[PDB]
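Trainee:
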Amino acid sequence: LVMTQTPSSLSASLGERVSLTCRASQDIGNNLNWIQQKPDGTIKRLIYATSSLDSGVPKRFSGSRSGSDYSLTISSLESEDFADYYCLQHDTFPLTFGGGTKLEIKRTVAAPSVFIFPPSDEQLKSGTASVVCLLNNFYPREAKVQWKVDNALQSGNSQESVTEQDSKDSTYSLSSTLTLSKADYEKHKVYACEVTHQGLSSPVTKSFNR
Amino acid sequence: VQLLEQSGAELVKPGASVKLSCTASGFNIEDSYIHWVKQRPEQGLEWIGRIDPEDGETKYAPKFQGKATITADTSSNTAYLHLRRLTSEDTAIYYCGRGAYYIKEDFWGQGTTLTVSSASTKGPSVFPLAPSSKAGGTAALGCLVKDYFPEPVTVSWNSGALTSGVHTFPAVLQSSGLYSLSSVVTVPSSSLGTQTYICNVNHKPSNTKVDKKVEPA
Amino acid sequence: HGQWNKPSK
Numbered sequence: 002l003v004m005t006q007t008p009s010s011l012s013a014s015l016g017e018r019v020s021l022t023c024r025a026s029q030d031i032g039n040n041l042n043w044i045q046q047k048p049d050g051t052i053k054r055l056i057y058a067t068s069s070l071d072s073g074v075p076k077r078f079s080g081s082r083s084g087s088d089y090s091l092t093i094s095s096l097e098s099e100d101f102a103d104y105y106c107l108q109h110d111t135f136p137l138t139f140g141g142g143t144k145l146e147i148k149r153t154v155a156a157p158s159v160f161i162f163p164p165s166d167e168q169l170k174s175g176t177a178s179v180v181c182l183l184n185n186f187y188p191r192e193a194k195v196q197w198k199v200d201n202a203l206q207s208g209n210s211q212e213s214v215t216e217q218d219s220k221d227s228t229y230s231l232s233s234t235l236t237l238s239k240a241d242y245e246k247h248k249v250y251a252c253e254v255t256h257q258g261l262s263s264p265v266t267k268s269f270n271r
Numbered sequence: 001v002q003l004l005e006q007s009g010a011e012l013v014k015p016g017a018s019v020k021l022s023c024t025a026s027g029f030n031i032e033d039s040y041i042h043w044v045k046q047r048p049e050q051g052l053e054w055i056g057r058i059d060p061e065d066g067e068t069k070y071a072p073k074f075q076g077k078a079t080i081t082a083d084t085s086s087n088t089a090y091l092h093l094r095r096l097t098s099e100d101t102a103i104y105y106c107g108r109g110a111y112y134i135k136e137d138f139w140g141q142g143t144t145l146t147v148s149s152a153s154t155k156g157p158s159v160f161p162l163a164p165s166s167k168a169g175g176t177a178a179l180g181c182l183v184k185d186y187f188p191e192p193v194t195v196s197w198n199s200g201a202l207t208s209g210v211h212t213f214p215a216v217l218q219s220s227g228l229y230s231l232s233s234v235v236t237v238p239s240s241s242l246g247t248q249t250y251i252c253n254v255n256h257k258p261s262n263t264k265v266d267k268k269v270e271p272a
Numbered sequence: 002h003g004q005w006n007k008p009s010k
């Protein structure tokens, strides 16, 4: 028995209506639930027994069969709906989940707020220095953060991390951490972070001098 | 008042065995079917098996039947998932879901992250990310949670009182093969000199808890 | 009729 969930990925605007389908390979009847996994990992079943909504789950969530195709539908998409959805069949053993659907939210372009953090003294004494550059609340995901020590372009000495879409404003946040030895950090003076995003007319540069 | 609380995240050596737990609270565990679901990093959910604590009768998925052994203790009101001969393919988060009589009363547990490695646990070093920022009355601050292993780490602020604007980034893997992440948060600069901002890091695998105060200058 | 839930109890 193979539940074929489609689509794998889906990017939709707010207010829009989406439907996720799961093709039951051997007929499972009315035994098919729909669960939702929020970015933080938490799991909550939305639909049970094919169409019956669980307690508290909003009116915009519906379930319905149509042959060997079971589907979950959201009448109007909201920011808080950003999550991963899986269809579960509990008719025959082993119980099966669909491959899941990653639901992303189309949003309007938003420029990032940029912040720069110098290394803490508590870490300097440890022998290393981590300079952090924060790009808060922007959209779309793409961004080009560049590090410049004394106007010297950096490379191979920094790594980035990006959060998933925010449950409220559907934006992204990204940190670029430039790591150095207490040595190097003490040699130079000009520390600059240079952000380049779709939502900026000119690349922004936030900096601090040691 | 009724919920399923799972054991803490932990690291285990290969070839070994572990015994995950799931304690029911606010109801007798035998009044339901207890399922166990596995999820490998960046992967989909998988059903492992289910138990009827009433008599301990268990049903399993084919692939897990030679490794998993689910059990329960009516008195302790707990259901356990026991994995033998652990390997890298067993690193994943395990969830316990309730299968109550009144179908409307079903809910899941937070999950239990299990990392199977040859290495050892290492708590993190928490350095503060001082404010000193300017953006229209809004100032960013945070905590750099460096060099720890394995996953995961959980960062909260002011013991849970600060939530608005909190952005905890996903852990990045380093050259040392150790993880590192940072948690930030924006607050109005006007409240910098009066409110006390503390981040609370927690690394279950190594039983460490750190509370670092982030100060303005 | 399910398989996820407990029929008895």
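Residue numbers (the entry's author numbering), protein chains in the order written: chain L, 2 to 26, 29 to 32, 39 to 58, 67 to 84, 87 to 111, 135 to 149, 153 to 170, 174 to 188, 191 to 203, 206 to 221, 227 to 242, 245 to 258, 261 to 271; chain H, 1 to 7, 9 to 27, 29 to 33, 39 to 61, 65 to 112, 134 to 149, 152 to 169, 175 to 188, 191 to 202, 207 to 220, 227 to 242, 246 to 258, 261 to 272; chain P, 2 to 10. C-beta atoms are modelled at their ideal positions from N, C-alpha and C, and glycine is treated no differently.
Keeping to the same chain, check which residues put their C-beta closer than 6 Å to that of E146(L); ignore five residues upstream and five downstream.
Mentor: Residue 146(L) sits at position 104 when you count from the first residue of the first sequence. Only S12 meet the Cβ criterion.
Trainee: DSSP on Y105(H), reduced to helix/strand/coil?
Mentor: Taking the first residue of the second sequence as position 1, residue 105(H) is located at position 95. The answer is strand: DSSP assigns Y105(H) an E or B state.
Trainee: Compute the distance between the beta-carbons of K77(H) and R95(H), then report whether it is under 8 Å.
Mentor: Counting from 1 along the second sequence, the entry for residue 77(H) is found at position 67. Counting from 1 along the second sequence, the entry for residue 95(H) is found at position 85. Contact flag set, yes.
Trainee: Can you tell me whether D59(H) is buried or exposed, with buried defined as 16 or more other CB within 10 angstroms of its CB?
Mentor: Along the second sequence, read from residue 1 onward, the residue named residue 59(H) stands at position 52. So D59(H) counts as buried.
Trainee: Could you list which residues in chain P have their beta carbon closer than 8 Å to that of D100(H), in chain order?
Mentor: On the second sequence, position 90 is the one that residue 100(H) refers to. Simply none; closest approach about 24 Å.
Trainee: Whose C-beta lies closer than 6 Å to the C-beta of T236(L) among residues of the same chain, with five residues either side of it excluded?
Mentor: On the first sequence, residue 236(L) is found 179 positions in, with the first residue counted as 1. The residues are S178.
Trainee: So, is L21(H) buried or exposed, given that buried needs 16 or more other C-beta atoms within 10 angstroms?
Mentor: Numbered from 1 along the second sequence, position 20 holds the residue referred to as residue 21(H). Under this definition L21(H) is a buried residue.
Trainee: Measuring only the C-alpha atoms, how far is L261(L) from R191(L)?
Mentor: As a working mapping, residue 261(L) is identified with position 200 in the first sequence. As a working mapping, residue 191(L) is identified with position 141 in the first sequence. If I take the Cα positions, the gap works out to 13 Å.
Trainee: Could you have a look at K155(H) and say whether DSSP puts it in helix, strand or coil?
Mentor: As a first step, residue 155(H) must be located in the second sequence, where it is residue number 122. Three-state result, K155(H): strand.
Trainee: For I44(L), does the three-state DSSP call read helix, strand or coil?
Mentor: Start at 1 with the first residue of the first sequence, and residue 44(L) comes out as number 35. Three-state DSSP puts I44(L) in a strand.
Trainee: Are residue 298(H) and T236(H) touching if we call contact CB-CB under 8 Å?
Mentor: The structure shown does not extend to residue 298(H), since chain H is modelled only from 1 to 272, so the question has no answer here.
Trainee: Per DSSP, what kind of secondary structure is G200(H) in: helix, strand or coil?
Mentor: By 1-based counting over the second sequence, the position of residue 200(H) is 160. Helix at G200(H).
Trainee: Do you know whose CA, among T79(H), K268(H), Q2(H), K14(H), lies nearest residue 273(H)'s CA?
Mentor: As shown, chain H starts at 1 and ends at 272. That puts residue 273(H) outside it, with no answer to give.
Trainee: Helix, strand or coil for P161(H), going by three-state DSSP, please let me know.
Mentor: The residue you call residue 161(H) lines up with position 128 of the second sequence. Note: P161(H) maps to strand in three-state DSSP.
Trainee: What residues match up with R82(L) in a beta bridge as DSSP calls it?
Mentor: As a position in the first sequence, residue 82(L) is number 65, starting the count at 1. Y89(L).
Trainee: Taking the alpha carbon of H2(P) as the reference point, which residue from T111(L), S81(L), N270(L), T22(L) has its own alpha carbon closest?
Mentor: Taking the first residue of the third sequence as 1, we reach residue 2(P) at position 1. For the residues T111(L), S81(L), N270(L), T22(L), the minimum Cα distance to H2(P) belongs to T111(L).
Trainee: Is it buried or exposed for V3(L), if we count other Cβ within 10 angstroms and need 16 for buried?
Mentor: As a first step, residue 3(L) must be located in the first sequence, where it is residue number 2. Label assigned to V3(L): exposed.
Trainee: Which word fits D241(L), buried or exposed, when buried means at least 16 other C-beta atoms lie within 10 angstroms of its C-beta?
Mentor: Reading the first sequence from its first residue, position 184 is the one you call residue 241(L). Exposed, since its Cβ has fewer than 16 Cβ neighbours within 10 Å.
Trainee: Hey, does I80(H) have any beta-carbon neighbour from chain P nearer than 8 Å?
Mentor: Numbered from 1 along the second sequence, position 70 holds the residue referred to as residue 80(H). Chain P, which has no Cβ nearer than 8 Å to the Cβ of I80(H), makes this no.
Trainee: Between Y105(H) and chain L, is there a C-beta pair that is closer than 8 Å?
Mentor: The residue labelled residue 105(H) in the question sits at position 95 within the second sequence. Yes - at least one Cβ of chain L is within 8 Å of the one on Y105(H).
Trainee: Counting only beta-carbon atoms, is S7(H) nearer than 8 Å to chain L?
Mentor: For the purposes of this step, residue 7(H) is taken as residue 7 along the second sequence, with counting starting at 1. Answer no: the Cβ-Cβ gap between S7(H) and chain L never drops below 8 Å.
Trainee: Output the boundary residues of the alpha helix (DSSP H) element that contains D241(L).
Mentor: Looking up residue 241(L) in the first sequence gives position 184. Segment 239-246, the alpha helix (DSSP H) holding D241(L).
Trainee: Answer yes or no: does any C-beta atom of chain L fall closer than 8 Å to that of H211(H)?
Mentor: As a first step, residue 211(H) must be located in the second sequence, where it is residue number 167. Yes, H211(H) lies at the interface with chain L (some Cβ there is under 8 Å from its Cβ).
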